[PDB]
Structures are given as C-alpha cells and as structure tokens.
file data_22.txt (compact mmCIF, C-alpha atoms)
# COMPACT_ATOMS: atom_id res chain seq x y z
CA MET A 1 -24.16 5.68 9.70
CA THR A 2 -24.20 2.20 11.27
CA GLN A 3 -26.39 1.15 8.35
CA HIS A 4 -23.46 2.27 6.08
CA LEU A 5 -20.83 0.41 8.14
CA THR A 6 -22.87 -2.80 8.08
CA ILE A 7 -23.19 -2.55 4.31
CA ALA A 8 -19.42 -1.97 3.92
CA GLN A 9 -18.71 -4.94 6.20
CA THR A 10 -21.19 -7.26 4.49
CA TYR A 11 -19.72 -6.35 1.15
CA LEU A 12 -16.06 -6.94 2.15
CA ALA A 13 -16.99 -10.18 4.01
CA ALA A 14 -18.10 -11.53 0.63
CA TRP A 15 -14.74 -10.60 -0.93
CA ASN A 16 -12.68 -12.01 1.97
CA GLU A 17 -14.58 -15.31 2.25
CA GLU A 18 -12.18 -18.17 1.80
CA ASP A 19 -14.80 -20.90 0.99
CA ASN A 20 -16.42 -20.51 -2.46
CA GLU A 21 -19.66 -22.17 -1.32
CA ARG A 22 -20.10 -19.94 1.70
CA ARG A 23 -19.58 -16.99 -0.65
CA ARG A 24 -22.40 -17.96 -2.94
CA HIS A 25 -24.65 -18.18 0.09
CA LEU A 26 -23.36 -14.70 1.25
CA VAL A 27 -23.92 -13.10 -2.20
CA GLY A 28 -27.30 -14.88 -2.32
CA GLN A 29 -28.28 -13.12 0.95
CA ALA A 30 -26.71 -9.66 0.45
CA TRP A 31 -27.00 -9.13 -3.36
CA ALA A 32 -30.11 -8.62 -5.51
CA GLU A 33 -31.12 -10.90 -8.45
CA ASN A 34 -30.99 -7.87 -10.75
CA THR A 35 -27.55 -6.66 -9.60
CA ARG A 36 -24.60 -5.19 -11.51
CA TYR A 37 -20.90 -4.67 -10.71
CA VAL A 38 -18.19 -2.72 -12.53
CA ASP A 39 -14.67 -1.52 -11.58
CA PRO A 40 -11.63 -0.69 -13.74
CA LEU A 41 -10.62 -4.37 -14.14
CA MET A 42 -13.93 -6.26 -14.03
CA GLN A 43 -17.65 -6.51 -14.43
CA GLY A 44 -20.43 -8.96 -13.49
CA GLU A 45 -24.20 -9.32 -13.24
CA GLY A 46 -26.48 -11.46 -11.12
CA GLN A 47 -25.80 -13.28 -7.89
CA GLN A 48 -24.11 -16.16 -9.73
CA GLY A 49 -21.94 -13.91 -11.88
CA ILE A 50 -20.75 -11.77 -9.02
CA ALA A 51 -19.91 -14.84 -6.92
CA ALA A 52 -17.98 -16.22 -9.98
CA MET A 53 -16.22 -12.89 -10.60
CA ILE A 54 -15.04 -12.65 -6.95
CA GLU A 55 -13.76 -16.22 -7.08
CA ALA A 56 -11.86 -15.54 -10.30
CA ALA A 57 -10.35 -12.34 -8.80
CA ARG A 58 -9.21 -14.20 -5.68
CA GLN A 59 -7.64 -17.01 -7.70
CA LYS A 60 -5.39 -14.38 -9.31
CA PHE A 61 -4.46 -12.83 -5.90
CA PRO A 62 -4.28 -15.81 -3.51
CA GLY A 63 -3.73 -14.85 0.13
CA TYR A 64 -4.67 -11.19 -0.42
CA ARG A 65 -7.20 -9.44 1.82
CA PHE A 66 -9.42 -6.35 1.69
CA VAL A 67 -9.43 -4.25 4.80
CA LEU A 68 -11.76 -1.37 5.38
CA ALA A 69 -10.11 2.10 5.44
CA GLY A 70 -11.76 5.17 6.99
CA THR A 71 -15.43 5.51 7.93
CA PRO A 72 -18.10 4.48 5.45
CA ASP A 73 -20.72 7.15 4.77
CA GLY A 74 -23.65 7.82 2.49
CA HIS A 75 -27.23 8.95 2.00
CA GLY A 76 -30.52 7.38 0.88
CA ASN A 77 -29.80 3.94 -0.54
CA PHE A 78 -26.17 4.91 -1.24
CA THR A 79 -23.15 3.80 0.75
CA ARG A 80 -19.55 4.83 0.02
CA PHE A 81 -16.44 3.24 1.50
CA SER A 82 -12.77 2.55 0.87
CA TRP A 83 -10.51 -0.42 1.46
CA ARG A 84 -6.85 -1.43 1.26
CA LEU A 85 -5.45 -4.55 -0.38
CA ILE A 86 -3.14 -6.42 2.03
CA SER A 87 -0.49 -8.88 0.85
CA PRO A 88 -0.06 -12.36 2.42
CA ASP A 89 3.00 -10.97 4.24
CA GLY A 90 0.96 -7.97 5.56
CA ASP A 91 2.03 -5.28 3.06
CA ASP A 92 -0.32 -2.58 1.85
CA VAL A 93 -0.09 -2.98 -1.92
CA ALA A 94 -3.06 -0.92 -3.09
CA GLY A 95 -6.61 0.18 -2.51
CA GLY A 96 -10.02 1.10 -3.87
CA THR A 97 -13.25 2.99 -3.26
CA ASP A 98 -16.81 1.82 -3.94
CA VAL A 99 -20.26 3.28 -4.25
CA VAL A 100 -22.94 0.65 -3.46
CA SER A 101 -26.73 0.97 -4.02
CA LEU A 102 -29.41 -0.95 -2.21
CA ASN A 103 -32.76 -1.72 -3.85
CA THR A 104 -36.00 -1.02 -1.98
CA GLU A 105 -35.71 -4.47 -0.31
CA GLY A 106 -32.33 -3.86 1.32
CA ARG A 107 -30.22 -5.92 -1.18
CA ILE A 108 -27.22 -4.74 -3.23
CA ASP A 109 -28.35 -3.91 -6.78
CA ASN A 110 -25.46 -1.86 -8.06
CA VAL A 111 -21.75 -1.37 -7.35
CA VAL A 112 -19.23 0.90 -9.10
CA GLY A 113 -15.58 0.60 -7.94
CA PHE A 114 -12.44 2.67 -8.45
CA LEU A 115 -8.71 2.15 -7.75
CA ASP A 116 -6.54 4.22 -5.34
CA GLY A 117 -2.70 4.38 -4.72
CA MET B 1 -7.26 10.27 -18.18
CA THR B 2 -7.75 13.52 -20.14
CA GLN B 3 -11.31 12.51 -21.03
CA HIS B 4 -11.90 12.25 -17.20
CA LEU B 5 -10.24 15.61 -16.49
CA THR B 6 -12.36 17.36 -19.14
CA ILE B 7 -15.52 15.86 -17.66
CA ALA B 8 -14.55 16.98 -14.13
CA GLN B 9 -13.74 20.47 -15.45
CA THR B 10 -16.93 20.79 -17.50
CA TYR B 11 -18.93 19.66 -14.48
CA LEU B 12 -17.29 22.16 -12.07
CA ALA B 13 -17.48 24.97 -14.68
CA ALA B 14 -21.26 24.73 -14.50
CA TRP B 15 -21.21 24.95 -10.67
CA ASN B 16 -18.84 27.93 -10.72
CA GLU B 17 -20.65 29.88 -13.38
CA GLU B 18 -21.78 33.19 -11.94
CA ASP B 19 -24.52 34.00 -14.52
CA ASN B 20 -27.71 31.93 -14.36
CA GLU B 21 -28.28 32.17 -18.14
CA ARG B 22 -24.83 31.08 -19.13
CA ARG B 23 -25.27 28.16 -16.76
CA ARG B 24 -28.46 26.96 -18.48
CA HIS B 25 -26.49 26.97 -21.71
CA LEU B 26 -23.67 25.02 -20.06
CA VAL B 27 -26.01 22.38 -18.50
CA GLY B 28 -27.86 22.26 -21.84
CA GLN B 29 -24.57 21.30 -23.56
CA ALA B 30 -23.01 18.93 -20.99
CA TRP B 31 -26.10 17.29 -19.42
CA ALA B 32 -28.55 14.79 -20.95
CA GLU B 33 -32.33 15.33 -21.15
CA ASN B 34 -32.84 12.16 -19.08
CA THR B 35 -30.39 13.07 -16.34
CA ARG B 36 -30.44 12.70 -12.56
CA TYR B 37 -28.49 14.16 -9.64
CA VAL B 38 -28.40 13.25 -5.94
CA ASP B 39 -26.05 14.18 -3.08
CA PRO B 40 -26.60 14.25 0.71
CA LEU B 41 -28.38 17.64 0.60
CA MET B 42 -29.99 17.73 -2.84
CA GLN B 43 -31.54 16.05 -5.83
CA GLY B 44 -32.72 17.08 -9.30
CA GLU B 45 -33.71 15.74 -12.70
CA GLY B 46 -33.60 17.13 -16.24
CA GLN B 47 -31.48 19.92 -17.64
CA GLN B 48 -33.91 22.53 -16.29
CA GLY B 49 -34.06 21.00 -12.80
CA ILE B 50 -30.32 20.65 -12.40
CA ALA B 51 -29.80 24.24 -13.62
CA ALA B 52 -32.43 25.35 -11.04
CA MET B 53 -30.86 23.19 -8.29
CA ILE B 54 -27.38 24.66 -8.86
CA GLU B 55 -28.78 28.17 -8.79
CA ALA B 56 -30.65 27.52 -5.51
CA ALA B 57 -27.43 26.03 -4.02
CA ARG B 58 -25.39 29.06 -4.96
CA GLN B 59 -27.96 31.49 -3.61
CA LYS B 60 -27.46 29.80 -0.22
CA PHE B 61 -23.64 29.93 -0.51
CA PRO B 62 -22.86 33.22 -2.26
CA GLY B 63 -19.19 33.84 -3.09
CA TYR B 64 -18.27 30.16 -2.54
CA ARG B 65 -16.33 28.22 -5.16
CA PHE B 66 -15.74 24.55 -6.01
CA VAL B 67 -12.10 23.75 -6.81
CA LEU B 68 -10.83 20.46 -8.15
CA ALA B 69 -8.74 18.36 -5.72
CA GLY B 70 -6.46 15.53 -6.88
CA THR B 71 -6.58 13.80 -10.28
CA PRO B 72 -9.87 12.66 -11.74
CA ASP B 73 -9.98 9.02 -12.81
CA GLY B 74 -12.42 6.45 -14.08
CA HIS B 75 -13.34 3.73 -16.51
CA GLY B 76 -15.92 3.15 -19.24
CA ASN B 77 -18.48 5.96 -19.07
CA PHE B 78 -17.64 6.60 -15.38
CA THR B 79 -15.61 9.51 -14.06
CA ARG B 80 -14.68 10.13 -10.41
CA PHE B 81 -13.26 13.29 -8.92
CA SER B 82 -13.11 15.36 -5.76
CA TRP B 83 -13.39 19.07 -5.06
CA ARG B 84 -12.99 21.52 -2.18
CA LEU B 85 -15.41 24.29 -1.17
CA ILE B 86 -13.60 27.64 -0.93
CA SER B 87 -14.98 30.58 1.08
CA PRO B 88 -15.13 34.12 -0.31
CA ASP B 89 -12.07 34.95 1.87
CA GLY B 90 -10.23 31.87 0.43
CA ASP B 91 -10.72 29.37 3.31
CA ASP B 92 -11.16 25.67 2.66
CA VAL B 93 -14.38 24.94 4.56
CA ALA B 94 -15.22 21.46 3.23
CA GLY B 95 -15.40 19.26 0.16
CA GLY B 96 -17.08 16.52 -1.85
CA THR B 97 -16.56 13.59 -4.21
CA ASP B 98 -18.70 12.68 -7.22
CA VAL B 99 -19.30 9.78 -9.57
CA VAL B 100 -20.52 10.98 -12.99
CA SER B 101 -21.93 8.81 -15.82
CA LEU B 102 -21.99 9.66 -19.49
CA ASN B 103 -24.68 8.28 -21.77
CA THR B 104 -23.71 6.79 -25.15
CA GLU B 105 -23.84 10.29 -26.69
CA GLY B 106 -21.22 11.82 -24.37
CA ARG B 107 -23.62 13.80 -22.11
CA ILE B 108 -24.01 13.55 -18.31
CA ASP B 109 -26.96 11.26 -17.42
CA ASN B 110 -26.26 10.46 -13.77
CA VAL B 111 -24.39 11.99 -10.82
CA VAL B 112 -24.05 10.77 -7.27
CA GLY B 113 -22.23 13.08 -4.81
CA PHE B 114 -20.83 12.61 -1.29
CA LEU B 115 -19.44 15.03 1.36
CA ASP B 116 -15.88 15.06 2.72
CA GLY B 117 -14.25 16.83 5.70
CA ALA B 118 -10.43 17.25 5.60

call {"tool": "encode", "arguments": {"input": "data_22.txt", "output": "structure tokens"}}
result
Amino acid sequence: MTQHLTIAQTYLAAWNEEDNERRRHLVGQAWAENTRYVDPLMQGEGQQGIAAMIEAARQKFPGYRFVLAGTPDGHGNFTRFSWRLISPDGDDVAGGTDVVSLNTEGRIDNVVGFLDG
Amino acid sequence: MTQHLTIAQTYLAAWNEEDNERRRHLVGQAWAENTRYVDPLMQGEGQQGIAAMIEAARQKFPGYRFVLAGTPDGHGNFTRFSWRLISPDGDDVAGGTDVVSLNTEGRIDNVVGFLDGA
C-alpha cells in the first residue's frame, strides 16, 4: 500500500517538476530504459522521450499542477492512482487515472493513462 | 466510444454467462490465443485458462453478477471500464475496474483488473 503511494508520488513529482534538468534526472532514476507511455493525447518511449513529452505537455499548460486524488492501490508490479489538474488560480479543471507497471528492478516500464471529468 | 462499450459488454457477457460451454465459445471468440489476465485475486493465460479461471471464480461466488458502472472509455487499442458486483438478493457488495487491450486482429490479448469499494 505504501509501496503504491510512493510510486504515485514519484510519478507525479516528475510531472510537477518545474526545472527541466531536474526532471530528466528524476525520470532517469524512476523510469526504465525500456519504458513506454500512452494516454489519450500523447505517447513516448525511453527516459529521454518521456522527459521530453512531459516538458512539451507542461509548455502547453503553464502553471498547471497534478494533485493526487484518492488512495493509490494495486497488486504485484501494478499501481493504480488518480489525479486532478489544478489551474494557476486553483481551479479543478480536469483529471485522469493511470496504471503504472514496474519492471523486476523497481523502475517504471509501462504507463497507460485515461482522462476523467 | 461505441467500440469501447461493445468491448466492455463482450467482456462482461463472458463473466455473466451461466453455462460453462457457452462461455468457452465466448472466450474463444473475444479472446486471443496469446492472452493474459491478472487482478488482485487471480491470473490466467490462454483462452482455455481464462475460461477455467472465470468458471472457478463463479463457483466461489454463485448467483453473483457483474454489472457495468459508468461509461467505458479509452484510446487506441485500450478500453477502460468499471463494474459492480451484485449479490443474488440484488445488493451491491463491491466492484472493480479493468484495462483491456486488443491485439491488431480485434481480440483481447491483455487485461489488468483492480478492486473498488463504494
């Protein structure tokens, strides 16, 4: 359970990181070399690619933040969690849900996201 | 959207099928030969295995049903949906959420399920 909360937190920390350099270092630590991401708006592969994708996403939504919603859960190497997108003025404008997979070495190898209203 | 509703319905139809034989037929049609399932209580692989798994599950929860909750959604070959577990007397006892993947030939090749309270 805590293992699932840590994974949710590590994942969102990468999306909320303001400094693009620090984010590459974060993705470098948390994500696997063979890693893949896909949601309804985007896709990416590899540590580099995912770091680039997140940066591109943030440039389109400057000032926005991802805040965890509810309690992450899971089983085996799977973690599931949800988050809300918060506007620079503090408005809840949307949200999503993700299923994240860890490889046998504890690093994120696969993420599939969805959008929520 | 409709493609995602159909997938959710086809998936649940297999879990709600009363006859074991009809269910093999249903899994045969909807599921891929190289297919895999895992949730917090179970796992299976292959058409045979998943058919067997569902049957074992139902033998432990006789009379229970799995009813769709909310609107399925998704993208690419991914579908996501949620369902509620209904007791023989009609009570809502619990639920789940699943992520289903279709292979390039339209058949289910991967499912990852999770449990939900209220």

call {"tool": "atom_distance", "arguments": {"input": "data_22.txt", "atom1": "atom CA of residue 54 of chain A", "atom2": "atom CA of residue 38 of chain A"}}
result
11.8 Å

call {"tool": "closest_atom_pairs", "arguments": {"input": "data_22.txt", "of": "chain A", "to": "chain B", "cutoff": "7 Å", "atoms": "only C-alpha atoms", "output": "Markdown table"}}
result
| residue | atom | partner | partner_atom | distance |
| --- | --- | --- | --- | --- |
| A:40 | CA | B:75 | CA | 5.5 |
| A:74 | CA | B:114 | CA | 6.7 |
| A:75 | CA | B:40 | CA | 5.5 |
| A:114 | CA | B:74 | CA | 6.8 |

call {"tool": "atom_distance", "arguments": {"input": "data_22.txt", "atom1": "atom CA of residue 109 of chain A", "atom2": "atom CA of residue 46 of chain A"}}
result
8.9 Å

call {"tool": "residues_around", "arguments": {"input": "data_22.txt", "residues": "residue 23 of chain B", "least_positions_apart": "3", "cutoff": "10 Å", "atoms": "all atoms listed in the file", "output": "MDAnalysis selection string"}}
result
chainID B and resid 13:20 26:29 51:52 54:55

call {"tool": "atom_distance", "arguments": {"input": "data_22.txt", "atom1": "atom CA of residue 28 of chain A", "atom2": "atom CA of residue 79 of chain A"}}
result
19.4 Å

call {"tool": "residues_around", "arguments": {"input": "data_22.txt", "residues": "residue 61 of chain B", "least_positions_apart": "2", "cutoff": "12 Å", "atoms": "all atoms listed in the file", "output": "list in words"}}
result
residues 15, 16, 54, 55, 56, 57, 58, 59, 63, 64, 65, 66, 85, 86, 87, 88 and 93 of chain B

call {"tool": "residues_around", "arguments": {"input": "data_22.txt", "residues": "residue 49 of chain A", "least_positions_apart": "3", "cutoff": "10 Å", "atoms": "only C-alpha atoms", "output": "list in words"}}
result
residues 24, 27, 35, 36, 37, 43, 44, 45, 46, 52, 53, 54 and 55 of chain A

call {"tool": "write_last_selection", "arguments": {"input": "data_22.txt", "atoms": "C-alpha atoms", "output": "short mmCIF file (atom, residue, chain, number, x, y, z; two decimals), in the coordinates of the input"}}
result
data_model
loop_
_atom_site.label_atom_id
_atom_site.label_comp_id
_atom_site.auth_asym_id
_atom_site.auth_seq_id
_atom_site.Cartn_x
_atom_site.Cartn_y
_atom_site.Cartn_z
CA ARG A 24 -22.40 -17.96 -2.94
CA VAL A 27 -23.92 -13.10 -2.20
CA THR A 35 -27.55 -6.66 -9.60
CA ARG A 36 -24.60 -5.19 -11.51
CA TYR A 37 -20.90 -4.67 -10.71
CA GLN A 43 -17.65 -6.51 -14.43
CA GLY A 44 -20.43 -8.96 -13.49
CA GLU A 45 -24.20 -9.32 -13.24
CA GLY A 46 -26.48 -11.46 -11.12
CA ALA A 52 -17.98 -16.22 -9.98
CA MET A 53 -16.22 -12.89 -10.60
CA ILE A 54 -15.04 -12.65 -6.95
CA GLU A 55 -13.76 -16.22 -7.08
#

call {"tool": "closest_residue", "arguments": {"input": "data_22.txt", "among": "B:84, B:106, B:2, B:72", "to": "residue 115 of chain A", "atoms": "only C-alpha atoms"}}
result
B:72

call {"tool": "residues_around", "arguments": {"input": "data_22.txt", "residues": "residue 86 of chain A", "least_positions_apart": "5", "cutoff": "9 Å", "atoms": "all atoms listed in the file", "output": "PyMOL selection string"}}
result
chain A and resi 63-67+91-95

call {"tool": "axis_aligned_box", "arguments": {"input": "data_22.txt", "around": "segment 72-81 of chain A", "padding_each_side": "4 Å", "output": "AutoDock Vina command-line options"}}
result
--center_x -23.5 --center_y 6.1 --center_z 2.1 --size_x 22.1 --size_y 13.7 --size_z 14.7

call {"tool": "closest_residue", "arguments": {"input": "data_22.txt", "among": "A:113, A:88, A:62, A:106", "to": "residue 17 of chain A", "atoms": "all atoms listed in the file"}}
result
A:62

call {"tool": "closest_residue", "arguments": {"input": "data_22.txt", "among": "A:48, A:80, A:42, A:71", "to": "residue 29 of chain A", "atoms": "only C-alpha atoms"}}
result
A:48

call {"tool": "residues_around", "arguments": {"input": "data_22.txt", "residues": "residue 7 of chain A", "least_positions_apart": "2", "cutoff": "12 Å", "atoms": "all atoms listed in the file", "output": "ChimeraX atom specification"}}
result
/A:1-5,9-14,30-31,68,71-74,77-81,98-102,106-108,111

call {"tool": "write_last_selection", "arguments": {"input": "data_22.txt", "atoms": "C-alpha atoms", "output": "JSON list (two decimals), in the coordinates of the input"}}
result
[["chain", "number", "residue", "atom", "x", "y", "z"],
["A", 1, "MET", "CA", -24.16, 5.68, 9.70],
["A", 2, "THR", "CA", -24.20, 2.20, 11.27],
["A", 3, "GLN", "CA", -26.39, 1.15, 8.35],
["A", 4, "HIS", "CA", -23.46, 2.27, 6.08],
["A", 5, "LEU", "CA", -20.83, 0.41, 8.14],
["A", 9, "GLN", "CA", -18.71, -4.94, 6.20],
["A", 10, "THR", "CA", -21.19, -7.26, 4.49],
["A", 11, "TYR", "CA", -19.72, -6.35, 1.15],
["A", 12, "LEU", "CA", -16.06, -6.94, 2.15],
["A", 13, "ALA", "CA", -16.99, -10.18, 4.01],
["A", 14, "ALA", "CA", -18.10, -11.53, 0.63],
["A", 30, "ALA", "CA", -26.71, -9.66, 0.45],
["A", 31, "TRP", "CA", -27.00, -9.13, -3.36],
["A", 68, "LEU", "CA", -11.76, -1.37, 5.38],
["A", 71, "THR", "CA", -15.43, 5.51, 7.93],
["A", 72, "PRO", "CA", -18.10, 4.48, 5.45],
["A", 73, "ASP", "CA", -20.72, 7.15, 4.77],
["A", 74, "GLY", "CA", -23.65, 7.82, 2.49],
["A", 77, "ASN", "CA", -29.80, 3.94, -0.54],
["A", 78, "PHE", "CA", -26.17, 4.91, -1.24],
["A", 79, "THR", "CA", -23.15, 3.80, 0.75],
["A", 80, "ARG", "CA", -19.55, 4.83, 0.02],
["A", 81, "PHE", "CA", -16.44, 3.24, 1.50],
["A", 98, "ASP", "CA", -16.81, 1.82, -3.94],
["A", 99, "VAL", "CA", -20.26, 3.28, -4.25],
["A", 100, "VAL", "CA", -22.94, 0.65, -3.46],
["A", 101, "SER", "CA", -26.73, 0.97, -4.02],
["A", 102, "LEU", "CA", -29.41, -0.95, -2.21],
["A", 106, "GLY", "CA", -32.33, -3.86, 1.32],
["A", 107, "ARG", "CA", -30.22, -5.92, -1.18],
["A", 108, "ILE", "CA", -27.22, -4.74, -3.23],
["A", 111, "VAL", "CA", -21.75, -1.37, -7.35]]
